[PDB]
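See below for the structure under consideration.
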Amino acid sequence: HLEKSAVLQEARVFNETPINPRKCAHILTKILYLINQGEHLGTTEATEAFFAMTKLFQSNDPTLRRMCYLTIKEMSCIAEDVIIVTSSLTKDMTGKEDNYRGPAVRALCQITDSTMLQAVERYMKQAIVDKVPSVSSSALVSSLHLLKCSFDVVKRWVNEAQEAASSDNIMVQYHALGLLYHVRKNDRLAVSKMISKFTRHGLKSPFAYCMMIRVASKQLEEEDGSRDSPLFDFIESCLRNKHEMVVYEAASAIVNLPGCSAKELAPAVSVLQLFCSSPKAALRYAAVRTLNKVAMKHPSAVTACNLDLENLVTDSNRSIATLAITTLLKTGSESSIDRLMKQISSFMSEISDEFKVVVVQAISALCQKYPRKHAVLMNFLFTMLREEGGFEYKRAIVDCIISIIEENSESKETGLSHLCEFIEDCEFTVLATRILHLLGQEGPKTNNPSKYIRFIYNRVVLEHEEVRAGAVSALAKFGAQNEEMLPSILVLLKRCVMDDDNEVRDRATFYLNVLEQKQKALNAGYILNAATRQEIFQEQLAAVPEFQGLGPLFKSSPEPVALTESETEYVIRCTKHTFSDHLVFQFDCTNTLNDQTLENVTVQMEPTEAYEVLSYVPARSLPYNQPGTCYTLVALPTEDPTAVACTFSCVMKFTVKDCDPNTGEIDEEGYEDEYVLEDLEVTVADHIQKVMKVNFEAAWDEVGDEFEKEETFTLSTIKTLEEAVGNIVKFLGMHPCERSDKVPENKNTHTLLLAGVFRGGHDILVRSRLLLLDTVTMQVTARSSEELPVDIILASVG
Amino acid sequence: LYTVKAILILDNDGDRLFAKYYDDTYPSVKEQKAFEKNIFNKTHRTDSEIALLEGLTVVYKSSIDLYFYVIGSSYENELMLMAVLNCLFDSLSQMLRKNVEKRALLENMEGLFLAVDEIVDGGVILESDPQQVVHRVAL
Amino acid sequence: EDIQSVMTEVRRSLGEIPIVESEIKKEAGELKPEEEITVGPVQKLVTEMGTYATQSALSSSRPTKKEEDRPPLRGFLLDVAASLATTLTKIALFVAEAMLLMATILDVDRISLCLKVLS
C-alpha cells in the first residue's frame, strides 16, 4: 500500500554510505510507487525530500542518476525551486556520461523561467544540434513543455534556426516536423516554398508523411492549388510503399465525384477496400461513416453491394459490427434484404461484440433516414424495434420520437397508431413523459378525434395520478383549439370524467376550479401561453456633427471597395454614399495587425473629375480587429460638365503606436508613418435610382430636346455589342428597355433605351441604338435631365 | 503527438497499477476510476480488435494476466498506434525473457516504469520499436 | 401569520427532497391575509424574498425530477376592491428591505457552498 510516512522517516537511510544501489533504489521506488499510483502532499515535505535526496550525490552511481530524474520528473508544472541542480546539469554538460544529461534538461522545461532561460543558451543551441541522434532527441522534447509556457525564446532564432532540422534519421525526421506543426501554425507561406522541400525529397518515416498529410489535406479543402501534379505525386506516394497507413489515410478524403473524380482512384481504392475488407485495417469502419463519405451516384451504388455483404454476413469484429451499420446505411438498402437482416439482428443485437451500442448509433441513423417517414418502414421497424427489443429500444425511442417530430410526420394516424398501441404494452412511464409533452402541443391540428380521444382515455386509464394527469395537460392546447366536433362536448367532457383520491381529487377539482375561476375562453388563452436604403445611411452618418453638408442619401455605392487589399494589418473595406448634396465615404474596418493601433488617423483624398472638397475625417483611434469610422466628405457639383465621378487619392496617416495586447499602455508618444491609401473612384450608380419613365414617349424625346450628346463609333474588327454590353448594363446600373433589352445567345439588332435618375435630383437618360449592318456602327445617346450626366454617361459607361 | 491521455496498465480488477496521464485535462482519481469503470467494466478483460470510445481511439489490449489501456484519439491511425502497443508487450517479454503477469507486476514495477518513459514521454511518442531500446537499456 | 412563520421554520428545518407548487397554491386561497394587511411595494418585496428562496433552490440543477413547472398561474398568483387587488397583482408581475433580503438569500448557491465545504 501507499503512505508517505515510512519514507520521510526512512530518509535517514540517506545517512548511510553502505547502501546497495538496489537497496536504496527500492526505497526510492517506494515513494515513487505511492505516487505512480497517486499521492498528494505538502511542498515543505517535498522540499525536504529534495534536500534529503539531493544530499546524496557524490556518485555517478548510474542508477542513482536515473531515479532522481524520475523523481524530479514527477514535479514539472507544479514544481519547487530550480536552482539546486544547476551544477549537476552543468556537470553533465562538461561530463560525457552522455546518457544522463539528456533526461535532466527535459524535466526542467515545464518548470522553467526566463532568466534562467538565459542560461543554456549558447550551448543549448549547440545541444539541440548536437551529435548522435539520441542525444538530440532528448533535447527536443524538453522544449515543448516549455512551449506550453512559451518557446518563443526559441523562436526567434528561426531563419537561421530551422535549417539544422535537416535530418538523417527517419525517426528523427518524423519528429522534426511536428515541432513544425506549430512552425506551420506560425506559417503558411513558408510551407509553400517549403513544401517544395518536403515535396522536393521523398520521405523516410511513414510518420513524417502523416502529419504532412493532414496538413496537405488541410490545404486541399478549398483547393491546395493545382494539386493536379502534386496530388498526383502524392497520390503515388500515399498509394504504395511498405507502410499501409498512408494509402488509407489518403483514401478516405479523396473521393471527389458527384460527377467528379473517380478515375484511377476508384480502382486503387477498390484494391484497398477489398484488401482491408477483412480487418486488415479494422480502420475501414470509421471511414464509411464519413471520412470516406458515401451517398453514391446511381450505377455506382449497385456495385457496392458485395463488400457490404461481407461485413453484413460476417457479423463479427467490433470493427465489423460498426462497419455493417455504416456501409449498409451509406450505400442504402432494398426493403427485402432488410427482412433477412431483421431476423439476423434479432439474435445479433444484444451482445455480439456488444452490438447494442453500434446499433443505437445505427438506429439513430435509422430514425434520421426515416424519422417517421417511409412510415411503412417506420412501422415495420416499430414493430420490430419493440419486438427485438431487450429493452434497449427506449434510448433509441428518445431519438426516434424526436425524428418523427423533426419531419413533423403526417402518417401520424398510423404512426401514432403503432406508437399508441405498442407503447401500451411496451410500457415505460418515462417515454410517456416526453411524448406527452409533445403531444400536449399538437392536438387538433391533426384531427381524428374519436381515436385520439380513444387513446387519451387509455393513457389516463393507467394508474398514477401522474399518468392520468398528462392527458389533461396535453389537452389544454387541444381543448382550446377544439377539433372536428369538440367545443360543446369539450365543455361536456371534463364533467363526464371526474376524480377523487384527494390530491388526485384535487387535480380534477382544481383544474375545474381553475376552470371555475376563468371564462373558459379567456382561461384557455392565458394558461396556454432619393432617400434610399442609403438614406438610412445618410442618417447613420448623421450622429457625427463635424459636417460640412450632407443632404439625404440618393443611392449608395454599387460596390464597397476594400481600400486595403487582402488581410492587411490596416484592412479596409470602404463604402461610398451619395446624397442629393454631398457624398460621404465612410470607411469600415479592422486596423489589422495586433502590432498596431492607429491613432491620429485622418483620410486624404485628392480628386480628378469634380467635387468640392470640404474635409478628410479620420477616426480618433483604431485598435485591432475592430471597425471604427473615418470618413471623408465632399459636396457634389451637379450641372457642370464633369463634376461627381471622380477618383480620389488616398494616403493613410497615423501615428502608429505598438501594442501589448496582454495589458497594453496608451501614452501620448508614438510616431507617424503614413501608408498609401487606395483609390476611391466614384461611380454612376452610387447616385442613381434606375427606373422606368414617367413618360417615356415624351420623356424619351424630350430628354433629347434639352439634352443630348452623342458619340459614334464604327466597329470594324469585331461585330459584337458584347464588349460594349459588358461596360454599359453593368456601369450605369440601369435598366435596358422599350422591351429593348433581350437578346438570346445571339440576336440580329439591339437598342437599349435605358433608365435611372441621377443625384441632385436630375436624371440621366441613355439610348443606345446599337446598329448592325454587319459592322456595328452605333449611336449612343445620352440625354439627361442633368448636364453633368450626358458627358458622363458617354464616359461612365466605360 | 502529445497525444497520450493516459496509458494505463490496468489490472482487470479495474485496478490500475499504472497510469500516466501523459496528457490530461480531466482529473480525479475517482473520475479516473469512474471513467475507467464504465469502459473497463464493459470491456471486462475482453477488449476489441479495435475500439473507439469517445471518437477517440481506445487501444487497449489484454495479456494473459493484465489489461492494457492506452487512450488516444481516433485522429491517429491504428497501425502505428498499435505498433507501440505491440512494442510494449513484446520488448518486455523478450528483454525480461518474460512478458507481463500479475506476478511479474507484483514483484517489481520499476522496469515498466523505466521502459515507459523511454518509449513515450507524454503526448508524443518518442519511439515504438524495441531494439534501440534494448541496446540502449542495460539495467 | 402564525401559520406562515411555522411554515418558514419547518421549511428551514427540512431540506432533503420533495415537490409542491401545488402546496403553494393550496395555502394561498382565492384571497387570504398576508403581511400586516398590506405593505404594498414592501409587500411586493415580501412576496419576493419568501417565494424567491423557494425559487432559488428551484433555479438550481436536479437529480430525479420532483415536478416540471406549470406555474403559469404561478405568475398571477404571486402578483371593486377585488378588482383593484387583481390589478395590483398584475402590476407586480419596507419593500426595499424585503428585496435586499431576497437578494441575500439568492437555494442552489447555498447547496453549492455546502458541496465545496464537503470537498
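How things are named: the first chain in the C-alpha cells is A, the next is B, and so on; residues count from 1 in each chain; ligands count from 1 in the order shown.
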Find the nearest atom pair between each residue of chain B and chain A for residues within 7 Å, count only C-alpha atoms, give distances in Å to one decimal, sort rows by chain and ascending number, and present the table as JSON lines.
```
{"residue": "B:17", "atom": "CA", "partner": "A:37", "partner_atom": "CA", "distance": 6.2}
{"residue": "B:18", "atom": "CA", "partner": "A:37", "partner_atom": "CA", "distance": 6.5}
{"residue": "B:19", "atom": "CA", "partner": "A:36", "partner_atom": "CA", "distance": 6.9}
{"residue": "B:48", "atom": "CA", "partner": "A:318", "partner_atom": "CA", "distance": 6.0}
{"residue": "B:49", "atom": "CA", "partner": "A:317", "partner_atom": "CA", "distance": 6.6}
{"residue": "B:50", "atom": "CA", "partner": "A:319", "partner_atom": "CA", "distance": 5.8}
{"residue": "B:77", "atom": "CA", "partner": "A:245", "partner_atom": "CA", "distance": 6.6}
{"residue": "B:78", "atom": "CA", "partner": "A:283", "partner_atom": "CA", "distance": 6.9}
{"residue": "B:79", "atom": "CA", "partner": "A:245", "partner_atom": "CA", "distance": 6.6}
```
Could the residues in this selection be saved with N, CA, C and O atoms as a compact mmCIF listing (two decimals), in the first residue's frame?
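Writing done, so here's again-v9.txt:
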```txt
# COMPACT_ATOMS: atom_id res chain seq x y z
N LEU B 17 -2.53 -0.21 -12.10
CA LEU B 17 -1.33 -0.13 -11.35
C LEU B 17 -0.36 0.65 -12.07
O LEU B 17 0.78 0.85 -11.66
N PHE B 18 -0.82 1.21 -13.16
CA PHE B 18 0.00 2.08 -13.83
C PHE B 18 -0.98 2.94 -14.43
O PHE B 18 -1.96 2.51 -15.01
N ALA B 19 -0.65 4.21 -14.33
CA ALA B 19 -1.26 5.17 -15.13
C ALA B 19 -0.30 6.23 -15.09
O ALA B 19 0.26 6.58 -14.06
N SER B 48 -11.27 -5.47 -27.82
CA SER B 48 -11.81 -5.46 -29.14
C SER B 48 -10.61 -5.44 -30.00
O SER B 48 -9.52 -5.19 -29.48
N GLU B 49 -10.76 -5.64 -31.34
CA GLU B 49 -9.67 -5.64 -32.32
C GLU B 49 -9.37 -4.20 -32.23
O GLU B 49 -8.30 -3.79 -31.77
N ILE B 50 -10.38 -3.41 -32.51
CA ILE B 50 -10.30 -2.00 -32.41
C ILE B 50 -11.34 -1.55 -31.43
O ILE B 50 -12.44 -2.10 -31.47
N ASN B 77 -4.13 6.88 -36.84
CA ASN B 77 -4.11 5.54 -37.39
C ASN B 77 -3.54 4.43 -36.53
O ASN B 77 -2.58 4.59 -35.78
N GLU B 78 -4.30 3.31 -36.61
CA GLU B 78 -4.28 2.12 -35.80
C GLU B 78 -3.02 1.46 -35.86
O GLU B 78 -2.58 0.86 -34.90
N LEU B 79 -2.50 1.41 -37.07
CA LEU B 79 -1.45 0.54 -37.35
C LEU B 79 -0.22 0.91 -36.59
O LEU B 79 0.39 0.11 -35.90
```
task: May I have all residues of chain C that DSSP, computed from the backbone, assigns to helix (DSSP H, G or I), given as a PyMOL selection string?
output: chain C and resi 2-13+22-28+40-59+72-78+81-92+95-105+108-118
- request: Would you list the contacts of residue 44 (chain C) as JSON, numbers by chain, taking every protein, DNA or RNA residue within 10 Å and counting only C-alpha atoms, but skipping same-chain residues closer than 5 positions in sequence?
  value: {"C": [38, 39, 49, 78, 79, 88, 89, 92, 93, 94, 95, 96, 98, 99]}
Closest-contact table, region 49-89 of chain C side, partner region 3-19 of chain C, 12 Å, counting only C-alpha atoms, as a Markdown table:
```
| residue | atom | partner | partner_atom | distance |
| --- | --- | --- | --- | --- |
| C:49 | CA | C:8 | CA | 11.7 |
| C:50 | CA | C:8 | CA | 8.3 |
| C:51 | CA | C:8 | CA | 10.7 |
| C:53 | CA | C:8 | CA | 10.5 |
| C:54 | CA | C:11 | CA | 9.6 |
| C:57 | CA | C:15 | CA | 10.1 |
| C:58 | CA | C:19 | CA | 10.3 |
| C:62 | CA | C:17 | CA | 10.5 |
| C:63 | CA | C:17 | CA | 10.1 |
| C:64 | CA | C:17 | CA | 9.8 |
| C:65 | CA | C:19 | CA | 8.9 |
| C:66 | CA | C:19 | CA | 5.2 |
| C:67 | CA | C:19 | CA | 6.4 |
| C:68 | CA | C:19 | CA | 9.7 |
| C:69 | CA | C:19 | CA | 10.3 |
```
Would you save the residues from that selection as a short mmCIF file (atom, residue, chain, number, x, y, z; two decimals), in the first residue's frame, using C-alpha atoms?
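Dumped everything to selection-v6.cif:
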```cif
data_model
loop_
_atom_site.label_atom_id
_atom_site.label_comp_id
_atom_site.auth_asym_id
_atom_site.auth_seq_id
_atom_site.Cartn_x
_atom_site.Cartn_y
_atom_site.Cartn_z
CA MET C 49 -37.78 37.13 -0.68
CA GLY C 50 -40.06 34.15 0.59
CA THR C 51 -41.05 32.95 -2.83
CA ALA C 53 -35.93 31.37 -1.86
CA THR C 54 -38.20 28.60 -2.99
CA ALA C 57 -33.44 26.39 -4.98
CA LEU C 58 -35.69 25.83 -7.96
CA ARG C 62 -31.60 18.34 -10.32
CA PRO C 63 -31.39 14.54 -9.81
CA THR C 64 -34.73 12.73 -10.04
CA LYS C 65 -37.34 15.19 -11.00
CA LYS C 66 -39.62 16.49 -8.37
CA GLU C 67 -42.09 18.08 -10.94
CA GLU C 68 -41.63 20.08 -14.18
CA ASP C 69 -43.15 23.55 -13.56
#
```
Would you mind listing, for every residue of chain C within 10 Å of chain A, the two atoms forming the shortest contact and the distance between them in Å to one decimal, using only C-alpha atoms, sorted by chain and ascending residue number, as a Markdown table?
```
| residue | atom | partner | partner_atom | distance |
| --- | --- | --- | --- | --- |
| C:22 | CA | A:503 | CA | 9.4 |
| C:25 | CA | A:510 | CA | 10.0 |
| C:26 | CA | A:506 | CA | 10.0 |
| C:30 | CA | A:517 | CA | 9.2 |
| C:70 | CA | A:527 | CA | 9.2 |
| C:71 | CA | A:527 | CA | 9.4 |
| C:72 | CA | A:527 | CA | 6.3 |
| C:73 | CA | A:527 | CA | 7.1 |
```
- prompt: What's the 12 Å shell around residue 8 (chain B), counting only C-alpha atoms, without same-chain residues fewer than 3 positions away, as number ranges by chain?
  reply: A: 36-37; B: 4-5, 11-12, 14-22, 32-33, 36, 40, 58-62, 66-72, 85, 88, 112-113, 116
Could those residues be written to a file, using C-alpha atoms, as a compact mmCIF listing (two decimals), in the first residue's frame?
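Saved file selection_16.txt follows:
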```
# COMPACT_ATOMS: atom_id res chain seq x y z
CA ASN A 36 2.60 6.35 -9.53
CA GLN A 37 -0.50 5.05 -8.01
CA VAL B 4 -1.41 10.07 -24.76
CA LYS B 5 -4.26 10.71 -22.48
CA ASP B 11 -5.40 -4.76 -13.71
CA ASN B 12 -8.55 -6.44 -14.87
CA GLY B 14 -10.48 -2.44 -12.78
CA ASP B 15 -7.40 -1.61 -10.95
CA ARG B 16 -4.77 0.41 -12.40
CA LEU B 17 -1.33 -0.13 -11.35
CA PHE B 18 0.00 2.08 -13.83
CA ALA B 19 -1.26 5.17 -15.13
CA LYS B 20 0.48 8.00 -16.51
CA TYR B 21 -1.67 10.52 -17.88
CA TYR B 22 0.75 11.63 -20.30
CA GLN B 32 -10.36 8.35 -13.47
CA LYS B 33 -11.63 5.25 -11.83
CA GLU B 36 -12.31 3.51 -16.10
CA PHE B 40 -13.39 -1.42 -18.16
CA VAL B 58 -9.04 3.44 -27.39
CA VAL B 59 -6.39 0.87 -27.98
CA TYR B 60 -6.36 -1.45 -25.33
CA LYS B 61 -5.24 -4.82 -25.02
CA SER B 62 -5.33 -7.62 -22.58
CA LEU B 66 -3.10 -7.80 -17.45
CA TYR B 67 -5.12 -5.11 -19.25
CA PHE B 68 -3.55 -2.58 -21.23
CA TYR B 69 -5.06 0.58 -21.92
CA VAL B 70 -3.95 3.37 -24.00
CA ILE B 71 -6.21 6.24 -24.61
CA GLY B 72 -5.68 8.36 -27.58
CA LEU B 85 1.11 -1.15 -28.05
CA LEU B 88 5.02 -2.68 -25.22
CA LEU B 112 7.81 -0.95 -16.66
CA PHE B 113 8.37 2.44 -15.50
CA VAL B 116 7.71 3.62 -20.33
```
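Within region 13-105 of chain B, the backbone-based DSSP assignment of strand (DSSP E or B) covers residues 16, 17, 18, 19, 20, 51, 52, 53, 56, 57, 58, 59, 60, 61, 62, 67, 68, 69, 70 and 71 of chain B.
Non-sequential neighbours of region 110-116 of chain A (distance at most 10 Å, separation of 5 or more positions within a chain, only C-alpha atoms) are residues 73, 75, 76, 77, 78, 79, 80, 81, 82, 83, 86, 121, 142, 143, 144, 145, 146, 147, 148, 149, 150 and 153 of chain A.
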Would you put the residues from that selection into a file with N, CA, C and O atoms, as a short mmCIF file (atom, residue, chain, number, x, y, z; two decimals), in the first residue's frame?
```
data_model
loop_
_atom_site.label_atom_id
_atom_site.label_comp_id
_atom_site.auth_asym_id
_atom_site.auth_seq_id
_atom_site.Cartn_x
_atom_site.Cartn_y
_atom_site.Cartn_z
N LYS A 73 11.15 14.40 -12.19
CA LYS A 73 10.30 14.28 -13.28
C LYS A 73 8.96 14.35 -12.78
O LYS A 73 8.14 14.97 -13.43
N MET A 75 7.92 16.23 -10.48
CA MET A 75 7.42 17.59 -10.28
C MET A 75 7.02 18.64 -11.41
O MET A 75 6.46 19.67 -11.06
N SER A 76 7.38 18.55 -12.72
CA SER A 76 7.34 19.66 -13.71
C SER A 76 6.36 20.86 -14.03
O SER A 76 6.86 21.86 -14.54
N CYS A 77 5.03 20.96 -13.72
CA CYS A 77 4.32 22.23 -13.96
C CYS A 77 3.75 22.67 -12.67
O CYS A 77 2.80 23.45 -12.60
N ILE A 78 4.28 22.06 -11.61
CA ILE A 78 3.77 22.16 -10.29
C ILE A 78 4.94 21.69 -9.45
O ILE A 78 4.92 20.63 -8.82
N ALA A 79 6.06 22.45 -9.56
CA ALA A 79 7.40 22.08 -9.11
C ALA A 79 7.76 22.38 -7.64
O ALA A 79 7.04 21.92 -6.75
N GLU A 80 8.89 23.17 -7.41
CA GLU A 80 9.54 23.61 -6.17
C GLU A 80 11.04 23.85 -6.44
O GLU A 80 11.83 22.91 -6.43
N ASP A 81 11.45 25.13 -6.71
CA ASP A 81 12.80 25.61 -6.98
C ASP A 81 13.33 25.04 -8.24
O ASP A 81 12.77 24.12 -8.81
N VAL A 82 14.50 25.53 -8.67
CA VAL A 82 15.04 25.01 -9.87
C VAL A 82 16.52 24.87 -9.66
O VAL A 82 17.20 24.01 -10.20
N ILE A 83 17.07 25.84 -8.97
CA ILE A 83 18.45 26.11 -8.87
C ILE A 83 19.35 25.04 -8.43
O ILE A 83 20.53 25.04 -8.67
N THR A 86 21.33 22.60 -11.11
CA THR A 86 22.12 23.58 -11.83
C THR A 86 23.50 23.04 -12.06
O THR A 86 23.89 22.70 -13.17
N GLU A 121 21.71 28.99 -23.13
CA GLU A 121 21.59 29.32 -24.44
C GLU A 121 22.63 29.18 -25.43
O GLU A 121 22.30 28.64 -26.46
N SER A 142 12.15 18.52 -24.48
CA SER A 142 12.28 19.43 -23.44
C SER A 142 11.60 20.72 -23.82
O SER A 142 10.90 21.33 -23.04
N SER A 143 11.76 21.20 -25.05
CA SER A 143 11.19 22.49 -25.34
C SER A 143 9.78 22.57 -25.22
O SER A 143 9.28 23.63 -24.95
N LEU A 144 9.19 21.50 -25.65
CA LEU A 144 7.80 21.52 -25.89
C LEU A 144 7.00 21.90 -24.74
O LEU A 144 6.16 22.79 -24.84
N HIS A 145 7.33 21.32 -23.58
CA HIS A 145 6.65 21.77 -22.39
C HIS A 145 6.97 23.13 -22.10
O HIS A 145 6.11 23.90 -21.74
N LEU A 146 8.21 23.51 -22.33
CA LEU A 146 8.39 24.90 -22.21
C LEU A 146 7.59 25.68 -23.20
O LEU A 146 7.17 26.75 -22.89
N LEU A 147 7.24 25.18 -24.36
CA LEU A 147 6.43 25.85 -25.29
C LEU A 147 5.13 26.17 -24.78
O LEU A 147 4.55 27.15 -25.20
N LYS A 148 4.62 25.34 -23.86
CA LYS A 148 3.36 25.48 -23.17
C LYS A 148 3.42 26.79 -22.61
O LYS A 148 2.61 27.66 -22.88
N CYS A 149 4.47 26.97 -21.85
CA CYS A 149 4.71 28.16 -21.19
C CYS A 149 4.87 29.19 -22.27
O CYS A 149 4.06 30.10 -22.37
N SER A 150 5.85 28.93 -23.12
CA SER A 150 6.17 29.76 -24.26
C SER A 150 6.97 28.89 -25.21
O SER A 150 6.57 27.78 -25.56
N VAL A 153 11.21 32.12 -26.96
CA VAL A 153 12.53 32.41 -26.75
C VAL A 153 13.30 31.80 -27.78
O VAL A 153 14.15 32.42 -28.32
#
```
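Pairwise distance (CA of residue 631 (chain A), CA of residue 598 (chain A)) equals 14.9 Å.
When the distance limit is 12 Å and only C-alpha atoms are what count, the residues near residue 795 (chain A), minus those fewer than 3 positions from it on the same chain, are residues 609, 641, 642, 645, 646, 683, 684, 709, 710, 711, 727, 728, 731, 732, 780, 781, 782, 788, 789, 790, 791, 792 and 798 of chain A.
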Can I get the selected residues back with C-alpha atoms, as an mmCIF file, in the first residue's frame?
```
data_model
loop_
_atom_site.group_PDB
_atom_site.id
_atom_site.type_symbol
_atom_site.label_atom_id
_atom_site.label_comp_id
_atom_site.auth_asym_id
_atom_site.auth_seq_id
_atom_site.Cartn_x
_atom_site.Cartn_y
_atom_site.Cartn_z
ATOM 1 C CA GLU A 609 -13.227 64.922 -62.054
ATOM 2 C CA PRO A 641 -19.804 69.040 -67.499
ATOM 3 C CA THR A 642 -17.577 66.743 -65.424
ATOM 4 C CA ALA A 645 -17.361 60.926 -60.874
ATOM 5 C CA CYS A 646 -14.007 61.134 -59.597
ATOM 6 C CA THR A 683 -19.481 55.714 -59.927
ATOM 7 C CA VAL A 684 -22.585 56.440 -61.798
ATOM 8 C CA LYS A 709 -24.727 64.434 -76.597
ATOM 9 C CA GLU A 710 -23.597 61.851 -78.836
ATOM 10 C CA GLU A 711 -20.792 59.613 -79.699
ATOM 11 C CA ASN A 727 -19.374 48.114 -69.935
ATOM 12 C CA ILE A 728 -22.927 49.543 -70.270
ATOM 13 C CA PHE A 731 -21.500 50.561 -65.369
ATOM 14 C CA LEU A 732 -24.703 52.556 -65.466
ATOM 15 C CA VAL A 780 -25.120 56.237 -78.252
ATOM 16 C CA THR A 781 -27.193 58.979 -76.939
ATOM 17 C CA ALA A 782 -27.159 60.287 -73.571
ATOM 18 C CA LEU A 788 -23.207 66.699 -65.921
ATOM 19 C CA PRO A 789 -24.688 63.235 -66.832
ATOM 20 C CA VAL A 790 -24.777 63.417 -70.639
ATOM 21 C CA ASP A 791 -20.991 63.987 -70.823
ATOM 22 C CA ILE A 792 -20.631 61.458 -68.011
ATOM 23 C CA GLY A 798 -16.917 52.605 -69.999
#
```
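What separates CA of residue 453 (chain A) from CA of residue 411 (chain A) is a distance of 17.9 Å.
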field: For residue 139 (chain B): contacts at 12 Å, only C-alpha atoms, fewer than 3 positions along chain excluded, given as a count of residues only
entry: 17
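Between CA of residue 495 (chain A) and CA of residue 457 (chain A) the interatomic distance comes to 14.1 Å.
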